[PDB]
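Participant: The listed protein sequences correspond, in order, to chains A, B, C, D, E and F. So the number in the entry's author numbering is just where the residue sits in the first sequence, counting from 1, plus 985. So the number in the entry's author numbering is just where the residue sits in the second sequence, counting from 1, plus 936. So the number in the entry's author numbering is just where the residue sits in the third sequence, counting from 1, plus 542. If you use the entry's author numbering, the fourth sequence corresponds to residues 740 to 825, 851 to 936, in order. If you use the entry's author numbering, the fifth sequence corresponds to residues 641 to 672, 688 to 788, in order. So the number in the entry's author numbering is just where the residue sits in the sixth sequence, counting from 1, plus 851. Note that CB positions come from ideal geometry on N, CA and C, so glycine has one too. First the structure, then my questions, so here it is.
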Amino acid sequence: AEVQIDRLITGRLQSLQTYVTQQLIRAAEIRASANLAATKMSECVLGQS
Amino acid sequence: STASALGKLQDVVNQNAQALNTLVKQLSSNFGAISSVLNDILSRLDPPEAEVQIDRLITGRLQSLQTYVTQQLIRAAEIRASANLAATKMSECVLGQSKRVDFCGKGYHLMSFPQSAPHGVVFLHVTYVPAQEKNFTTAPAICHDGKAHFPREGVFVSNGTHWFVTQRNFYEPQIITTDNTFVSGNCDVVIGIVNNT
Amino acid sequence: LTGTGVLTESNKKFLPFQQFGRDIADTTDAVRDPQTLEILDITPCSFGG
Amino acid sequence: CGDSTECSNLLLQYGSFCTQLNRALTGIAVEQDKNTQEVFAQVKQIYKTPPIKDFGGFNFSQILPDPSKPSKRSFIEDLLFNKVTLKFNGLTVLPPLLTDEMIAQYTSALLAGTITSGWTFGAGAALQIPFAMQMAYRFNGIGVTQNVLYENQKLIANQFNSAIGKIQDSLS
Amino acid sequence: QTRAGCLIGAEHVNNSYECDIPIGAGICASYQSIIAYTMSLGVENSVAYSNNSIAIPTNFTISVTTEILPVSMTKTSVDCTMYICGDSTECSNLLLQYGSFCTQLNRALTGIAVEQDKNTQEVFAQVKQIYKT
Amino acid sequence: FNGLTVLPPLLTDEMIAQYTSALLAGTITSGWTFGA
Ligand SMILES: *[C@@H]1O[C@H](CO)[C@@H](O[C@@H]2O[C@H](CO)[C@@H](O)[C@H](O)[C@H]2NC(C)=O)[C@H](O)[C@H]1NC(C)=O
Ligand SMILES: *[C@@H]1O[C@H](CO)[C@@H](O[C@@H]2O[C@H](CO)[C@@H](O)[C@H](O)[C@H]2NC(C)=O)[C@H](O)[C@H]1NC(C)=O
Ligand SMILES: *[C@@H]1O[C@H](CO)[C@@H](O[C@@H]2O[C@H](CO)[C@@H](O)[C@H](O)[C@H]2NC(C)=O)[C@H](O)[C@H]1NC(C)=O
Ligand SMILES: *[C@@H]1O[C@H](CO)[C@@H](O[C@@H]2O[C@H](CO)[C@@H](O)[C@H](O)[C@H]2NC(C)=O)[C@H](O)[C@H]1NC(C)=O
Ligand SMILES: *[C@@H]1O[C@H](CO)[C@@H](O[C@@H]2O[C@H](CO)[C@@H](O)[C@H](O)[C@H]2NC(C)=O)[C@H](O)[C@H]1NC(C)=O
Ligand SMILES: *[C@@H]1O[C@H](CO)[C@@H](O[C@@H]2O[C@H](CO)[C@@H](O)[C@H](O)[C@H]2NC(C)=O)[C@H](O)[C@H]1NC(C)=O
Ligand SMILES: *[C@@H]1O[C@H](CO)[C@@H](O[C@@H]2O[C@H](CO)[C@@H](O)[C@H](O)[C@H]2NC(C)=O)[C@H](O)[C@H]1NC(C)=O
Ligand SMILES: *[C@@H]1O[C@H](CO)[C@@H](O)[C@H](O)[C@H]1NC(C)=O
């Protein structure tokens, strides 16, 4: 059972790492969008542009 | 006096150091092999399965290195975004007076000064902030001879008895004269006119 | 204890029961010889691209 | 591993990947919270509209909060909330630090500050200015002399109201 | 008990102050003993709006504020064979059949280092001459 | 070191300080006119 458990562990670990990396990319995208939103909030709500 | 002010740069340095340190520490992991030291596993077996154990080590270390490179790439993208922002601030607030609200400094902007830092830049923004407000009475127009007079630049106020025109950011009254106001038709349509001379 | 590097004189103090020190990340940094019982220092020769 | 000791022992010898994974996820979550904080918490105090509202003929009733609803959210915000529609084996969802109520509070504070004071409250202390006397400045900032606004106040108010109704119709 | 979870060791307070250590669901805790309370957005005030009243400042102040921005990090390079094989022959031979991962591994780091130098150069070298006071 | 090396930045801190001083003297004596 040791080798089978090792295979399962490796596969699940690979899947988890892939998920984390996609999350990181999406988080960077969302942060860029939110920076733009904050800039628009400051420049267009708190004054004319 | 106050510490913990240079937070971002210290965090950057700590992040890089921690990543390097854990990458080094990964070298002492069995990864499923009999030992994490290569010389002993070579010196304690024969090539038939020694190559299998070495394959395990190669796979594990390659995964670790790949993950480290990926994190480096992500952090590099973030730092590049920050550096682009810094360059824009340098070229827009230092080399000129900015007009966009709350880009560099809270309040109306006057100038900025750059200073170096171990892995970044520090801006000193000089801003102008009004204070010591008051209360007055306004009216959008002045009816004289039936015509309406609107201010060229400023706003109408009065301390209760006499009316003045002022600039909009510092209390400085001036007596109304035909050379700081302009006419637009007769005043029977504006909502808020007041009689005056 | 097998390792590659250059050996120099070291002024660091071992307690009479240690055999070989280290600094961090489990990297050997000072070894006491089994014969004359003297504390040394280890630095690998330089490598570069 | 799903609560198994031998699986945990086998995983223990794969180094410290899991610490890195948890660190990354926690960093993402903290980024989310600080993200909302910087986008929304742009004011130092909380402002309030006066009980009596005469904004020169303009009509913000569809945008100001309605006290009847407990959430004190405006009508358009309710339409937006009702428009969109959305813990087993280790996955967990953590609630945001700021609940929807304080988000609505910041929105209302910003909006009531910008109705009354103008752009001043972002650069110091809010100052009174009648609304019909503020749009004039906003014309003077686009090359249109303020002479226009006072002579077409009612028409401009009507256009603004019609647009603010049509936006609701299209959204709904 | 709160929406975030179960809190043990802290006592509830009906007041509301600023937020010291955020906990969640709009509540957070601080030190007096330790107390957990509801976050307060700030001092609520009602601006005295009217239709014929304005407020014009009479004095001013000049303020100086700092702003910190990172622009670079340390440039790092790595060697495959030394890292993975630790100066062994059979390990190098085994690694040889894995194709060329090392080429792009080094390529990525080289791109990173070049980008770091470019970042600093474009941030600072905004001028052509060297003036003197 | 275990096969991992750190490379020196191209611009030493001294010339960075030189750039900062040049920028600052320029923005004092000339204003913004030296930006064009
Ligand atoms: C301008 O006048 C208004 C109206 O009097 C002031 O608003 C009130 O000021 C009094 C001061 O005695 C307070 O007690 C009230 O609470 C204020 N009203 C509200 C709704 O808050 C306003 O403060 C005056 N502005 C200045 C700069 O003096
Ligand atoms: C409002 O301001 C006007 C102008 O400053 C005042 O009118 C004069 O005020 C001075 C004192 O500042 C007196 O000596 C004069 O007699 C006033 N009249 C004239 C024609 O000069 C006025 O007193 C102020 N009123 C209030 C209520 O503040
Ligand atoms: C500003 O608001 C006041 C108060 O709402 C208005 O005063 C009213 O004026 C009309 C005639 O114009 C009277 O019939 C009302 O009795 C007044 N109300 C009060 C409470 O006195 C004033 O007209 C408004 N002015 C502007 C320019 O908006
Ligand atoms: C401002 O002055 C005008 C001009 O006199 C006033 O308008 C007159 O008001 C009286 C009585 O209210 C009428 O008998 C006249 O027919 C009006 N027109 C003219 C041309 O005299 C006006 O009432 C004054 N006050 C205001 C607030 O506008
Ligand atoms: C092994 O034996 C040698 C031979 O005696 C020891 O070397 C002596 O060490 C003492 C103290 O360090 C010196 O006073 C002698 O002069 C040394 N003799 C020679 C010939 O060099 C050595 O110490 C021994 N190693 C041990 C006991 O670990
Ligand atoms: C501001 O706009 C709102 C929009 O809802 C107006 O409220 C409507 O008013 C009409 C006429 O009184 C009613 O038939 C509707 O039922 C109202 N709608 C709601 C949702 O209450 C409001 O009257 C406007 N205010 C002003 C001063 O024009
Ligand atoms: C504007 O504010 C400044 C301070 O910010 C005032 O200067 C102070 O004036 C008082 C009395 O004249 C002195 O006792 C202080 O020493 C001054 N402070 C400084 C830093 O010089 C100034 O008087 C205010 N002016 C107005 C018109 O309000
Ligand atoms: C808070 O108020 C409620 C009701 O107003 C009361 O039951 C409770 O004891 C109060 N708690 C504290 C700590 O004052």
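Would a C-beta distance cut-off of 7 Å place D:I785 and D:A873 closer than the cut-off?
Facilitator: As a position in the fourth sequence, residue 785 of chain D is number 46, starting the count at 1. As a position in the fourth sequence, residue 873 of chain D is number 109, starting the count at 1. Using a Cβ distance threshold of 7 Å, D:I785 and D:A873 count as a contacting pair.
Participant: Buried or exposed, going by whether 16 or more other CB atoms sit within 10 Å of the CB of E:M728?
Facilitator: By 1-based counting over the fifth sequence, the position of residue 728 of chain E is 73. With 16 or more other Cβ atoms within 10 Å, it is buried.
Participant: Please confirm if the region 721-739 of chain E is in contact with the region 892-912 of chain D, defined as three or more CB-CB distances below 8 Å between the two stretches.
Facilitator: no
Participant: Would you report the Cα separation of E:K730 and E:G645, rounded to the nearest angstrom?
Facilitator: As a first step, residue 730 of chain E must be located in the fifth sequence, where it is residue number 75. As a first step, residue 645 of chain E must be located in the fifth sequence, where it is residue number 5. Cα to Cα, the separation comes out at about 44 Å.
Participant: Tell me whether B:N1131, by its Cβ, gets closer than 6 Å to a heavy atom of ligand 4.
Facilitator: Within the second sequence, residue 1131 of chain B is the residue found at index 195, counting from 1. Checking the Cβ of B:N1131 against ligand 4 gives yes.
Participant: Applying the criterion that 16 or more other CB atoms from any shown protein chain within 10 Å of the CB defines a buried residue, is A:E1014 buried or exposed?
Facilitator: Indexing the first sequence from 1 puts residue 1014 of chain A at position 29. That one is exposed.
Participant: What residue from B:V949, B:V1057 and B:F1118 has the CA that sits closest to F:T871's CA?
Facilitator: Along the sixth sequence, read from residue 1 onward, the residue named residue 871 of chain F stands at position 20. The shortest C-alpha separation from F:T871 is found at B:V1057.
Participant: Does the beta carbon of F:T878 sit closer than 7 Å to a beta carbon anywhere in chain E?
Facilitator: One-based indexing of the sixth sequence puts residue 878 of chain F at position 27. Cβ-Cβ to chain E under 7 Å: no for F:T878.
Participant: Nearest to D:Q801 by CA position, among D:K787, D:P790 and D:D817, is which residue?
Facilitator: As a first step, residue 801 of chain D must be located in the fourth sequence, where it is residue number 62. Nearest option by C-alpha distance: D:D817.
Participant: Does any CB atom of chain A fall closer than 7 Å to the CB of B:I977?
Facilitator: If you number the second sequence from 1, residue 977 of chain B lands on position 41. Interface residue (Cβ-Cβ distance to chain A less than 7 Å): B:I977 is not classified as such.
Participant: Could you run through the region 774-808 of chain D and flag, in chain order, every residue whose CB is less than 9 Å away from some CB of chain B?
Facilitator: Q781, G795 and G796
Participant: Runs of 3 residues minimum, wholly inside the region 1089-1131 of chain B: which ones carry the beta strand (DSSP E) assignment?
Facilitator: 1091-1094, 1099-1102 and 1117-1122
Participant: By the three-class DSSP mapping on this structure, what secondary structure does F:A887 have?
Facilitator: Looking up residue 887 of chain F in the sixth sequence gives position 36. The three-state secondary structure of F:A887, taken from DSSP, is coil.
Participant: So, does the region 983-999 of chain B touch the region 735-743 of chain E, judging by three or more C-beta pairs under 8 Å?
Facilitator: yes
Participant: Is B:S965 buried or exposed, if buried means 16 or more other CB atoms sit within 10 Å of its CB?
Facilitator: For the purposes of this step, residue 965 of chain B is taken as the residue at position 29 of the second sequence. Answer is buried; the Cβ neighbour count reaches 16.
Participant: With a Cβ-Cβ cutoff of 7 Å, do D:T775 and D:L862 count as a contact?
Facilitator: On the fourth sequence, residue 775 of chain D is found 36 positions in, with the first residue counted as 1. On the fourth sequence, residue 862 of chain D is found 98 positions in, with the first residue counted as 1. For D:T775 and D:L862, yes; Cβs fall inside 7 Å.
Participant: Can you list the residues of chain D that A:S1027 reaches, using a CB-CB cut of under 8 Å?
Facilitator: Sequence index remark: in the first sequence, residue 1027 of chain A carries index 42 (1-based). Under the 8 Å cutoff, chain D gives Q781 and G886.
Participant: Could you list which residues in chain F have their beta carbon closer than 8 Å to that of E:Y738, in chain order?
Facilitator: In the fifth sequence, residue 738 of chain E corresponds to position 83, counting from 1. Within 8 Å Cβ-Cβ: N853, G854 and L855.
Participant: Whose C-alpha, out of B:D1038, B:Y1064 and B:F1049, is nearest the C-alpha of B:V1030?
Facilitator: Walking along the second sequence from the start, residue 1030 of chain B turns up at place 94. Among B:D1038, B:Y1064 and B:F1049, the Cα nearest to that of B:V1030 belongs to B:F1049.
Participant: Can you round the beta-carbon distance between E:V778 and B:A1023 to whole angstroms, since I take them to be within the 8 Å contact cut?
Facilitator: Stepping through the fifth sequence from its first residue, residue 778 of chain E is reached at position 123. Stepping through the second sequence from its first residue, residue 1023 of chain B is reached at position 87. That pair is a contact at about 5 Å.
Participant: What residues in the region 946-965 of chain B bring their beta carbon closer than 8 Å to a beta carbon of chain F?
Facilitator: Shown in chain order are the members of the region 946-965 of chain B whose Cβ falls below 8 Å from a Cβ of chain F: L956, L959, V960 and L963.
Participant: How about A:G1032: is its Cβ closer than 6 Å to a heavy atom in ligand 3?
Facilitator: Within the first sequence, residue 1032 of chain A is the residue found at index 47, counting from 1. With a threshold of 6 Å, the Cβ atom of A:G1032 does not count as near ligand 3, since no heavy atom of the ligand is closer than that.
Participant: To which residues of the same chain is B:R1104 closer than 7 Å at the C-beta, ignoring the five residues directly before and after it?
Facilitator: Mapped onto the second sequence, residue 1104 of chain B falls at position 168. Within the same chain, B:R1104 has close Cβ partners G1090 and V1091.
Participant: Need the endpoints of the alpha helix (DSSP H) that E:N714 sits in, please.
Facilitator: Position 59 of the fifth sequence, counted from the first residue, corresponds to residue 714 of chain E. Unbroken run through E:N714 is the beta strand (DSSP E), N714 to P725; no alpha helix (DSSP H).
Participant: Are the C-beta atoms of E:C757 and some chain B residue less than 7 Å apart?
Facilitator: On the fifth sequence, position 102 is the one that residue 757 of chain E refers to. No, no contact with chain B.
Participant: Here's a check: name, in chain order, each residue in its chain whose Cβ is nearer than 8 Å to the Cβ of C:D565, leaving out the five neighbours to either side.
Facilitator: Taking the third sequence and counting its residues from 1, one reaches residue 565 of chain C at position 23. Closer than 8 Å at the Cβ level, and outside the excluded window around C:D565, lie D571.
Participant: How would you call B:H1085, buried or exposed, if buried means at least 16 neighbouring beta carbons within 10 angstroms?
Facilitator: In the second sequence, the residue the question calls residue 1085 of chain B occupies position 149. Its Cβ being crowded by 16 or more others within 10 Å, B:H1085 is buried.
Participant: Over the uninterrupted beta strand (DSSP E) stretch that includes D:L855, give me the two end residues.
Facilitator: Counted from its first residue, the fourth sequence places residue 855 of chain D at position 91. Note, D:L855: premise wrong, no beta strand (DSSP E); not H, not E.
Participant: List, in order along the chain, the chain B residues whose C-beta lies closer than 7 Å to that of D:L891?
Facilitator: Against the fourth sequence, residue 891 of chain D aligns to sequence position 127. Within chain B, the residues near D:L891 are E1069.
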